[PDB]
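Inspection log for the structure reproduced underneath, given as C-alpha cells.
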Amino acid sequence: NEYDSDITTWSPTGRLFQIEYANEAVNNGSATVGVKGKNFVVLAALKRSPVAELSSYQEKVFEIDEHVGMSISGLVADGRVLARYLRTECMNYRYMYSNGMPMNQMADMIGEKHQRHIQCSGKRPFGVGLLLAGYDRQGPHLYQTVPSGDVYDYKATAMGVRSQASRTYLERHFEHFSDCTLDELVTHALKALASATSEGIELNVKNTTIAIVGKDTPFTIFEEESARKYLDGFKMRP
Amino acid sequence: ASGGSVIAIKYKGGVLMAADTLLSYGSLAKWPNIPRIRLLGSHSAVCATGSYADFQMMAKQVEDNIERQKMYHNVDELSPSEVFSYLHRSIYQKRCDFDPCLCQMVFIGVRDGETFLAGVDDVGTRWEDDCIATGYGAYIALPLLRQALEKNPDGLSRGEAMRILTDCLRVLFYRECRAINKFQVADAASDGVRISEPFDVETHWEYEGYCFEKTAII
C-alpha cells in the first residue's frame, strides 16, 4: 500500500487514505454522548478514571460562548486549536452584531476550517471530532464534526471508543426526546454513556462531565461538585 | 452632493421617519426628485444626512451583508438592532482609518413588537430615543417632537403623530435654507417598512406683519 503516503493522493478507488486514518483517531478517543431535547441540549462525556488514589483530569468539554459549547474526542492537541478559533469567531461575531452567532452559521464555519486542511501538501487533517451544543432563536442544535470536514445536524449521537453500544441504546429512545424534560434528558444521556464503558466500571462523579445548554440556561459544565444531582442516584438497570 | 435633514418618531405600534427628497451641491438645489429613504432587509430602514456618496456606499455594504447571510446559511434575517450594530461598528472602523463616513444616519425598524429607533453620527457616536433628528432637524424639529412626546407619555397615535410630523416638517421648510417642500414618510409597523408617496405640507405666508409698508426700512 503506497497510496497513503500523502493527504494529496487518490487511490485507484477514489479514496483518501490519510482521512480514513484520521477517522481512526476519533474512533479511539474517550466516549461522549449528546442528546438534544425540545428546549435543552445535554452533553455527557466520560473522562479518565482515578487510579485508586490519584486523579488525572483533562479538559474535554469547552464553552465557546454563552449559548454554545463543544465536547471533543480524539487528539486534544487539535481540539484546542479548534476551540481557540471558534471562540475567536464567536467573539468577532458578537462584537459586530451584538448577538450570539447562530448554530447553522457556526457549523459551516467549522466545516470550512476543516476542509481547508485536507487539500494542500504541507497540512494534515484534524484528528479530532466535535460535539457542538447550542441554542439560538430557532432552538437547540446538536452537531457532530468529523476529520473529513463533514457536519451532521443530529437529534442524538455518540462517538468515541465502543460508542456503537451507546448508539444502539440511543436508537430506541430517540423518538421521545422532544417530550422528556431536563432530568429525563440527562438520565437518558447518562444511561447511553454508561453503556460504552468497560465491563466492571460504572458511572460516578469521578469520571463524568455533564454540560447543559438551553433556552433560559447559559452553557453550564457540571463536574464532581454538582454532578451528584444527576449522578449520585444512577443505576444501569438492564 | 448632500442630503438634508431627517426626523423620526415612535408612536404606539411603529416608527415614522420623514425626509425631504432633495440633493444639494453646496448652495445649489441639484436634484429634487431622488429617494433618500433606503430600506434594508425586510424589517428596517435608514436615512442619512450629509454627503451622499458615503451613505450610498455604506448602505450598499450593509445591504449586501444582510442578504448574503440569509441566503448562504439557513438562518433568520438580522433583527433591526443587530444590523444597526453592524452599521455602527463599520462607521467607527472607517473613522479610525481617517476615512470617515461623513453622514449622520437615522435607523428605524420593527420586528414582531420590539420597535427600534436609533441614530448614529459619523465619528462613531450612537444613541437611541423615542425621537431622532439629524442635520438642522436636531435644533428646529427635535424640540417640537420632544414636547409632543412629553405632553402625553402614554404613547402617541399614528394620526396624532403624523400630525406633529407635518407640523415639524413645515417649520423645517420655513427655517432651513437648503430644503424644499416635497417630503417622504417611511412608516414601519409590524408587517414591515412602507415608504409613502411624496407629499407636500401646506404653508402660510399671509401674516399682516409681512406687508410691504411695515417691513420697510426707509
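Placing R0 at 22 angstrom, the Cβ-Cβ distance between A:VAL51 and A:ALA77 gives a FRET efficiency of 0.45 after rounding to 0.05.
Across all C-alpha atoms in segment B:1-152, the radius of gyration and Dmax reach 15.4, 48 Å.
Scaled against 2.2 N^0.38 Å for its residue count N, the alpha carbon radius of gyration of segment B:1-49 is 1.30. For the options B:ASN152, B:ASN65, B:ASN33, a Gaussian network treatment of chain B with springs between C-alpha atoms closer than 10 Å singles out B:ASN152 as fluctuating the most.
With N counted as the residues of the protein assembly as shown, its alpha-carbon radius of gyration over 2.2 N^0.38 Å works out to 1.34.
3J(HN,Hα) along segment A:223-238: 10, 2, 3, 9, 5, 4, 5, 9, 10, 5, x, 6, 9, 7, 7, x Hz, from the Karplus curve 6.51 cos²θ - 1.76 cosθ + 1.60 with θ = phi - 60°, whole Hz, x for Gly and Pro. For the options B:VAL75, B:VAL120, B:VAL171, a Gaussian network treatment of chain B with springs between C-alpha atoms closer than 10 Å singles out B:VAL75 as fluctuating the most. If you run the Gaussian network model on chain B, springs between alpha carbon atoms under 10 Å, then out of B:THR166, B:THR115, B:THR203 the most flexible one is B:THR203. List, in the order given, every pair from A:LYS123/A:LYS155; A:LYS113/A:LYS155; B:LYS30/B:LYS214; A:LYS47/B:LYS70; A:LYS36/B:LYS70 whose Cα-Cα distance in the structure shown is over 29 Å. From the list (A:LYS123/A:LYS155; A:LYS113/A:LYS155; B:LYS30/B:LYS214; A:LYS47/B:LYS70; A:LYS36/B:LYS70), the Cα-Cα distance tops 29 Å for A:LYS123/A:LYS155; B:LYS30/B:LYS214; A:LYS47/B:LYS70.
Over the C-alpha atoms of chain A, the Rg to Rh ratio, Rh being the Kirkwood estimate, stands at 0.98. For segment B:48-53, putting each phi into the Karplus relation 6.51 cos²θ - 1.76 cosθ + 1.60 with θ = phi - 60° gives couplings of 10, 10, x, 3, 8, 4 Hz, in residue order, rounded to whole numbers and with x for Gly and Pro. Here is how the number arises for chain A: DSSP H runs of 4 or more residues each give -39500 (n - 2.57), the sum is divided by the residue count, and the result at 222 nm is -9500 deg cm²/dmol. Of the peptides A:66-77, A:147-158, the ranking by mean beta-carbon count within 10 Å, highest at the top, reads A:66-77, A:147-158. Here's the list of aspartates and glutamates a cross-link from A:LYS38 could span, going by alpha-carbon distance under 15 Å and ignoring same-chain residues fewer than 8 apart: A:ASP136, A:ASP153, A:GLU175, A:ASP179, A:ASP183, A:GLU184, A:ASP216.
The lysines whose alpha-carbon is closer than 23 Å to the alpha-carbon of B:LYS12, local same-chain residues fewer than 8 away aside, are B:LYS151. In order along segment B:78-89, phi translates into HN-Hα couplings of 4, 5, x, 4, 7, 5, 5, 4, 5, 4, 5, 4 Hz, rounded to whole numbers, per the Karplus curve 6.51 cos²θ - 1.76 cosθ + 1.60 with θ = phi - 60° and x for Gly and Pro.
Here Cβ is always computed from backbone atoms with ideal geometry, including for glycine, and neighbour counts include all displayed protein chains. The numbers here are math on the coordinates, done by the rules we state, and not lab data.
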